[PDB]
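Student: Those protein sequences? They're chains A, B and I, same order as listed. Read in order, the letters of the first sequence are residues 1 to 52, 52A, 53 to 82, 82A to 82C, 83 to 100, 100A to 100H, 101 to 216 in the entry's author numbering. Read in order, the letters of the second sequence are residues 1 to 27, 27A to 27D, 28 to 213 in the entry's author numbering. Read in order, the letters of the third sequence are residues 1 to 60, 71 to 164, 168 to 171 in the entry's author numbering. For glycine and all other residues, C-beta sits at the position ideal for the given N, C-alpha and C.
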Amino acid sequence: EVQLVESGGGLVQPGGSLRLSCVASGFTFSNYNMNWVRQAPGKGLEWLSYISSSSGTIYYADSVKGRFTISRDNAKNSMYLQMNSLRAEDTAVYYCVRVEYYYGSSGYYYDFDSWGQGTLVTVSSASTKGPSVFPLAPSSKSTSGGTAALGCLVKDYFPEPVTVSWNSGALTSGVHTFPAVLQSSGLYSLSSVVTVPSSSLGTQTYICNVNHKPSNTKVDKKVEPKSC
Amino acid sequence: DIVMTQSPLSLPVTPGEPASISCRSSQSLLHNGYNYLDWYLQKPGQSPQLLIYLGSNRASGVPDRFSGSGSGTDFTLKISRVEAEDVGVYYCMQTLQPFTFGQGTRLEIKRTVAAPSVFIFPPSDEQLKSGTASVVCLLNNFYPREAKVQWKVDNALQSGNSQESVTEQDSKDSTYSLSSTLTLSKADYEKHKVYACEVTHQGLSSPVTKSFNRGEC
Amino acid sequence: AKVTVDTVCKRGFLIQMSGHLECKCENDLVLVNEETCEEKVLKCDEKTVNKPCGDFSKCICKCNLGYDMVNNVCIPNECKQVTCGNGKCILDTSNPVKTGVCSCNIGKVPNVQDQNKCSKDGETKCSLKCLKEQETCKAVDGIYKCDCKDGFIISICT
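(1) Pair every Cβ in the segment 189-202 of chain B with every Cβ in the segment 101-109 of chain A, then say whether three or more of these pairs are closer than 8 Å.
(2) Under 7 Å Cβ-Cβ, which residues of chain B neighbour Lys214 of chain A?
(3) Compare the beta carbon distance of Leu124 of chain A and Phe208 of chain B with 8 Å and say whether it is the shorter of the two.
(4) Rank B:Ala80, B:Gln93, B:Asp34, B:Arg77 by C-alpha distance to the C-alpha of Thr56 of chain A and give the top, closest one.
(5) Would you check if the segment 35-46 of chain I and the segment 109-128 of chain I touch, i.e. whether three or more CB-CB distances between them fall below 8 Å?
(6) May I ask you to list, following chain order, the residues of the segment 100-122 of chain B that have a beta carbon less than 8 Å from some beta carbon of chain A?
(7) Shorter than 8 Å from the beta carbon of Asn204 of chain A to some beta carbon of chain I?
(8) Anything in chain I within Cβ reach of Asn28 of chain B, meaning under 9 Å, just list it in chain order.
(9) List the whole-angstrom C-beta distance separating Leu27B of chain B from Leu33 of chain B, where the pair is believed to meet the contact cut-off of C-beta under 8 Å.
(10) Give the straight-line distance between the Cα atoms of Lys39 of chain B and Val13 of chain B, rounded to the nearest whole angstrom.
(11) Can you list, in chain order, the residues of its chain whose CB lies under 7 Å from that of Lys90 of chain I, leaving out five sequence neighbours each side?
(12) Taking only runs that begin and end inside the segment 93-137 of chain B, name each unbroken alpha helix (DSSP H) of 4 or more residues, in chain order.
(13) Assuming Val131 of chain B contacts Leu141 of chain A under a Cβ cut-off of 8 Å, what Cβ separation, rounded to an integer in Å, is found between them?
(14) May I ask you to report which of helix, strand or coil DSSP gives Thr205 of chain B?
(15) Please report whether the beta-carbon of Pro140 of chain B lies at a distance below 8 Å from any beta-carbon of chain I.
(16) Is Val211 of chain A close to the ligand ADP? I mean its beta-carbon at under 7 Å from any heavy atom of the ligand.
(17) Per DSSP, which residues does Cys196 of chain A bridge with? Please list them.
(18) Step through the CB atoms of chain B and report whether any lies within less than 8 Å of the CB of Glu85 of chain A.
(19) With DSSP as the reference, identify every bridge partner of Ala24 of chain A, one or two as the case may be.
(20) Short check: CB of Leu20 of chain A to CB of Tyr90 of chain A, under 8 Å?
(21) By DSSP, does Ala60 of chain A sit in helix, in strand, or in coil?
(22) Report all residues from its chain with a CB closer than 7 Å to the CB of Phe29 of chain A; omit the five preceding and five following residues, and keep chain order.
(23) Closer than 8 Å by beta-carbon distance: list the chain A residues that pair up with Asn136 of chain B, in chain order.
(24) Going along chain A in order, which residues have a C-beta closer than 7 Å to the C-beta of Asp1 of chain B?
(25) Which residues in chain A have a C-beta closer than 8 Å to the C-beta of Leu50 of chain B? List them in chain order.
(26) Is the number of C-beta pairs between the segment 118-132 of chain A and the segment 5-12 of chain A that are closer than 8 Å three or more?
(27) Apart from the five residues just before and just after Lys2 of chain I, which ones in its own chain have a Cβ nearer than 7 Å to its Cβ?
(28) Out of A:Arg83, A:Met82, A:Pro126, A:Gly174, which has the shortest C-alpha to C-alpha gap to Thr116 of chain A?
(29) Work out the CA separation of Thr96 of chain B and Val169 of chain A for me, nearest whole Å.
(30) Would you identify the three-state DSSP class for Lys98 of chain I, choosing helix, strand or coil?
(31) Going straight from the alpha carbon of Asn35 of chain A to that of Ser113 of chain B, what length do you get?
(32) Tell me which same chain residues have a C-beta within less than 6 Å of the C-beta of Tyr59 of chain A, skipping the five on either side of it?
(33) Report, in whole angstroms, the separation of the C-beta atoms of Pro213 of chain A and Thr135 of chain A, which I expect to be a contact under 8 Å.
(34) Taking only beta-carbon positions, decide if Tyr97 of chain A is within less than 8 Å of chain I.
(35) Along chain A, in chain order, which residues have C-beta atoms closer than 7 Å to that of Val8 of chain I?
(36) Between which residues of its own chain and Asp70 of chain B is the CB-CB distance below 7 Å, once the five residues before and five after are set aside?
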């Protein structure tokens, strides 16, 4: 099969530079034209650059012209994207894409038939910080019809992502881990809630397991119900 | 570059009935009898895959219910009978000046209206000790996605100090959930007493309001 | 190696035959890769080492890896003993093992009842993009290319 693996992402400050890499396996890389495509959080796909197999034909989106440079090394089956003068709007997941071209009998067309898993690029002035996990405790003010709602507030961390689990993965039903929001401080914050039977609040423990690999931070927070 | 704009942004469909997606270009994509516009579908957790090429031709392996039409600047993707596996984000892409995607159309499942269960959470003792205060308003398992959250401190409208995010459509009951977080300093929190979020939704005759008193619940 | 309608041929131009596209060099230049043309050398010697001497060939004048010298021109090795007639031999990246097929002159198509040679008549819709308002897709000497439609100096259609 065709496998594209992107690497080189990570953290960078506004104005700084970054160099992305894409290694191609499962096919003859020197025979295919290739793309770089990114997707910012909460936005659609944005094509960035195109490069032919012989590196003779190259196109860029207006949003990255002059700042980004595409290149390939067919000997090493690799493909690169130099990114200079990075702005915060460049924060996105970056993919490399294989571009097949069929000489079909109804016309010649492109087919973006292979996409890598992506690599995350975060442009920000913030420094890596682990999250503070605060409890969203259940009470009569969170119960509705024999059902109680509780959660964890994962606040003021950087960068993405964090992984939230409940009771070490045992509890999965009724869980809602919301997308994180970017605050004015440049730090992220998200909440994860779970719905449980209100009767079990006295005879059952609920712990949210928050993991933030960038800061090497792991936090388990027990959510105690409240007497109100 | 050439600008691509699709409509709608979100398209709820009941499986079985048809669906249309519109895509327009800032300049004509027609040249020599070819319309340089393709369509892609990105199913959840999957790579984008080609659907329509050169305006109206299906790619090899595309069901006949998917069709493309239009020319110049006006294009439309049409699903005759929507199956449940067709949910995802649909992009149109111009190939005249490679390349430009549309902003994407999210095809979702239409269901009966459901009202959100609204709960409000006061700030924790830990966070208050830290020096800040976050109040969380939770809307659980509603439909459609459209929902207005309004924060009130001592019955006074707040603005620019709350943030919300919404989950993707649930794979089982086809509902959404929304979480809104009001953040204030410990001082401003300790100054006032009444905190409330007012939820307006299509499945509510009157706007529901959940509230608490500081030091109470 | 696949050339597209958006390929920019360096010191060359796009041409189309019945089943494919390629770059044709300006004047008397020689293909160095699928999309660039450079000046060739007349004789291979110490002063002209690793220099282009023919289409897809450098001095050693041997053909590049994957080709073979037939009739003093470099042709893909899978096109060795493959005759077409009224057309040329090419290959596609579709099959795992590279297979040589025939791409015909404009007006001809692979004749299935003639060992898949170029004898059957058939139209080919021009797929080239001649976006300039002074150029249009014309058919010259059996191929498709962008050419002037009203007045040119001697070489610009403006």
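Tutor: If we stick to the structure as given:
(1) no
(2) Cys213, listed in chain order.
(3) Cβ distance not < 8 Å, so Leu124 of chain A and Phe208 of chain B don't count as in contact.
(4) B:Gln93
(5) no
(6) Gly100, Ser113, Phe115, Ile116, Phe117, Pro119, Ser120, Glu122
(7) no
(8) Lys135, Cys136, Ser137, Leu138, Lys139, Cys140, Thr146, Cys147
(9) 5 Å
(10) 15 Å
(11) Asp78, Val80
(12) 121-126
(13) Going by Cβ atoms, the distance from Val131 of chain B to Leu141 of chain A rounds to 10 Å, so no, they are not a contact pair.
(14) strand
(15) no
(16) Looking for the ligand ADP in the displayed structure turns up nothing, as the structure carries no ligands at all.
(17) A:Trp154, A:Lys209
(18) no
(19) BP columns for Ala24 of chain A point to A:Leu4.
(20) yes
(21) coil
(22) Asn73, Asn76
(23) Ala137, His164, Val181, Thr183
(24) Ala60, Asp61
(25) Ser100B, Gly100C, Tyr100E
(26) no
(27) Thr103
(28) A:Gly174
(29) 28 Å
(30) strand
(31) 45 Å
(32) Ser49
(33) Between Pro213 of chain A and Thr135 of chain A the beta-carbon gap is near 13 Å, outside 8 Å, which marks them as no contact.
(34) yes
(35) Those are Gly55, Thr56, listed as they occur along chain A.
(36) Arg24
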